[PDB]
Amino acid sequence: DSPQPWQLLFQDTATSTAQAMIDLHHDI
Amino acid sequence: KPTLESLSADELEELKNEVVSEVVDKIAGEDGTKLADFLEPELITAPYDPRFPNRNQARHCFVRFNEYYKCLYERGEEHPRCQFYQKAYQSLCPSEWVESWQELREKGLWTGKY
Amino acid sequence: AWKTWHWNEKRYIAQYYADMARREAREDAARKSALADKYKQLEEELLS
Amino acid sequence: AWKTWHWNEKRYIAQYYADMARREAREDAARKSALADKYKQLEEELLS
Amino acid sequence: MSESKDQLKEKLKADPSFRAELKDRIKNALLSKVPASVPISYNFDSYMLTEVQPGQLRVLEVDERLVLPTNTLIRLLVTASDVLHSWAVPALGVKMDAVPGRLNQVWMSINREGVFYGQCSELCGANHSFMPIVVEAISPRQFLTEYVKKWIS
Amino acid sequence: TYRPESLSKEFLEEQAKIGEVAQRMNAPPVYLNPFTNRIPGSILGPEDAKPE
Amino acid sequence: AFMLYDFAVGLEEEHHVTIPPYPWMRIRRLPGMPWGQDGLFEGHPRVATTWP
Amino acid sequence: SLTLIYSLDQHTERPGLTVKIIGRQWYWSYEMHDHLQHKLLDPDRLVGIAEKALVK
Ligand SMILES: [Mg+2]
C-alpha cells in the first residue's frame, strides 16, 4: 500500500494481477 | 348494478387498475419514498463494444459520439436508442474532447454528413 | 529456500483472504435478517 | 505446431460446451420454479 | 360498483390465471414507484499537499483522492492534455502512460479496502516529482449508497 | 538548503504513536500493508478492531 | 516530349477552392515560419483566413 | 509470461464504473459520468404479500 524503510522486495498487493506478476518474478 | 358477469373488458381493466393502485399507494407510497429498504442500487456504464478490441479506446468514443447525432437525425430526438448512444459516449469521452467537438460542430468544421 | 519463503508468504495471503471472506459473510447474513424483520413488520402492517 | 493448433481447437470446443451447459441449467431451474409456483397455487386451491 | 370490486376479488380467489395477471399488474404498478435513473458526474483535480501532518506521507499525499469500490470491474480511461504522464499505482499493479490524443483502457478489480499510493512515472517537466496518486478503496454498498449521493445535483 | 519538517523528532514521535495507519474520508481508517505487518483478515483497521 | 509539353501547360490553370480552417490545416504551433508568414513556394494560400 | 500478458484484458463481466484519468502539468484530474438506477430487491415476495393483502 505504501513503501517501507529498508525494503527489499515489492509492496503488498490488492489485485490478483499484481500478485500474479510478483509470483512470476519469484519464479524467474 | 353491472356485475362481473355483465362488465366489459375496458371497465374490468379500469377496475383492476383501481384495485391495484388503491393498495400499492399504501404499500409503496404515491411517490415511492417507502421502498428505500427494498431497493438495490446499480450503476450503469458503457458496455463493451466488440468492434473496438484494442487498448486505445479513442475510436470507440468517436464512433459513439457520431452514432448519437446519427440517431438524433434519423430516429427523432426522444428515441431510447439515441439516449443509449448519448449515455454511451458520455461514459467514455473526456469532457474536454466533447466540448471541442461541439465547438467544431458549431463552427461548421465537422466532417460528418448530418 | 527462496521458493519456500515465497510459498510461506502465499499461504499467509490465502489465509488472510479466507478470514476476510469469513468476516464479509457475517454482515450480509445480518443484513438479510434485518430485511426479513422489516418484511415481517410490513406483513402485519397490511394485515392489521 | 500442428498438435498445438489441435489442442487450441479442443479447448474452444470444451469452452463452448461448458457455456452451453451454463445456459441449459438456467431454463430448467425456472421450469421447476414455475412448477413449484403451480404447486403453491394448488396448495391453496385445496385449502380455501 | 362496490360488489363488482368484491366480485373482482372473488375472481382473484377463484381463477389462478386472473390471480397471476393481477399479480403481474401489481408488479407493473410497483415498478412505477421506483425512482428513475439519475446521472452521477464529477470533475475534480488532485494536487500534492505541500505540508503534511503526522499520519500523512510527505511527497505521496494528495488533497483529493480517487474513491473506487471493491469487488467491481472498473474501466480506467487514461489520457493527458499537454505532455506524457504515467498513472502508476504499484500496489494495484497498474502502470499505464497518459498520452495526449490516446484513450488507454485498464480493467481493474480490487480485492481489499485500503489506501494505495503512487506517483507519476514518465518525465514531464520540472515538477515531475510532485504528482502523486492516492486511491481510496471502499465497499460497494457504501459506494452505491453514500459516496455517489455526494454527486447528485 | 531545505530539511523537511517530517524528519524532525516531534513529527517522528507523533508518527510512531499513530503507526502505519491511513485515514479515510468515507470510511474508518485502515492498516497499511496488512501482509508484511501480519494483520489478520478479520481486522481492517484500529478503530474497527475495538480490542476485547 | 510529355515533360516539354508540361513545361508549357504550367502556371496557367487556376484553382479557387478555398479550404475551411480545420484544426489539422495550417498548423501554427509557433508564430509564422522561419522565412515569413506563408509557406515556402506558396504563391496562393488556399485555406480560408476568414471563416465565416 | 505469455499467459499473464493475455490475461490483462478482463472484460468478461458487466463493467460497473468508468473513471477518466487526465494527466496535466502538474496534477491529476478525475472524471466520471454514469447513471444510477434502482431495482426492487426480490419483488416476488412483495408480489405475494400484495396478493395475500388483496385476497382478504
Ligand atoms: Mg516511460
# chains A, B, ... in the order shown; residues from 1 in each chain; ligands from 1
>>> residues_around(residues="segment 30-37 of chain F", least_positions_apart="3", cutoff="12 Å", atoms="only C-alpha atoms", output="PyMOL selection string")
(chain A and resi 1-4+7-14) or (chain C and resi 8-17+20) or (chain E and resi 55-57+91+112-117+136-138) or (chain F and resi 18-27+40-49)
>>> interface_residues(of="chain E", to="chain B", cutoff="8 Å", atoms="only C-alpha atoms", output="MDAnalysis selection string")
chainID E and resid 1 3:5 7:8 22 25:26 29:30 33:35 77 101:106 144:145
>>> residues_around(residues="residue 21 of chain H", least_positions_apart="5", cutoff="6 Å", atoms="only C-alpha atoms", output="PyMOL selection string")
(chain E and resi 77-78) or (chain H and resi 29-30)
>>> write_last_selection(atoms="C-alpha atoms", output="PDB file, in the first residue's frame")
ATOM      1  CA  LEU E  77      -9.508   5.537 -19.288  1.00  0.00           C
ATOM      2  CA  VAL E  78      -6.123   7.259 -19.146  1.00  0.00           C
TER       3      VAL E  78
ATOM      4  CA  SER H  29      -7.794  15.110 -12.892  1.00  0.00           C
ATOM      5  CA  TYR H  30     -10.522  12.506 -12.392  1.00  0.00           C
TER       6      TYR H  30
END
>>> interface_residues(of="chain G", to="chain B", cutoff="9 Å", atoms="only C-alpha atoms", output="mmCIF file with N, CA and C atoms, in the first residue's frame")
data_model
loop_
_atom_site.group_PDB
_atom_site.id
_atom_site.type_symbol
_atom_site.label_atom_id
_atom_site.label_comp_id
_atom_site.auth_asym_id
_atom_site.auth_seq_id
_atom_site.Cartn_x
_atom_site.Cartn_y
_atom_site.Cartn_z
ATOM 1 N N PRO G 20 -11.764 25.075 -45.631
ATOM 2 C CA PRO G 20 -12.133 25.555 -44.301
ATOM 3 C C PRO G 20 -11.003 25.353 -43.309
ATOM 4 N N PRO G 21 -10.883 26.228 -42.306
ATOM 5 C CA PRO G 21 -9.748 26.135 -41.381
ATOM 6 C C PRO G 21 -9.911 25.019 -40.364
ATOM 7 N N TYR G 22 -9.766 23.781 -40.825
ATOM 8 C CA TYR G 22 -9.815 22.617 -39.964
ATOM 9 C C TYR G 22 -8.628 22.643 -39.003
ATOM 10 N N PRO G 23 -8.733 21.976 -37.842
ATOM 11 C CA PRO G 23 -7.608 22.004 -36.885
ATOM 12 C C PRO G 23 -6.333 21.376 -37.416
ATOM 13 N N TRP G 51 -13.392 32.526 -42.450
ATOM 14 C CA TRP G 51 -14.220 31.617 -41.672
ATOM 15 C C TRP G 51 -15.116 32.358 -40.684
ATOM 16 N N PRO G 52 -16.066 33.130 -41.221
ATOM 17 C CA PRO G 52 -17.311 32.559 -41.717
ATOM 18 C C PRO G 52 -17.309 31.043 -41.660
#
>>> residues_near_ligand(ligand="ligand 1", cutoff="8 Å", atoms="only C-alpha atoms and all ligand atoms", output="PDB file with C-alpha atoms, in the first residue's frame")
ATOM      1  CA  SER E  86       2.123   7.787 -16.445  1.00  0.00           C
ATOM      2  CA  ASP E  97       1.151   6.024 -19.761  1.00  0.00           C
ATOM      3  CA  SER E 121       6.203   7.527 -13.887  1.00  0.00           C
ATOM      4  CA  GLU E 122       7.035   9.484 -17.041  1.00  0.00           C
ATOM      5  CA  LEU E 123       9.293  12.545 -17.117  1.00  0.00           C
TER       6      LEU E 123
END
>>> atom_distance(atom1="atom CA of residue 19 of chain G", atom2="atom CA of residue 48 of chain G")
5.5 Å
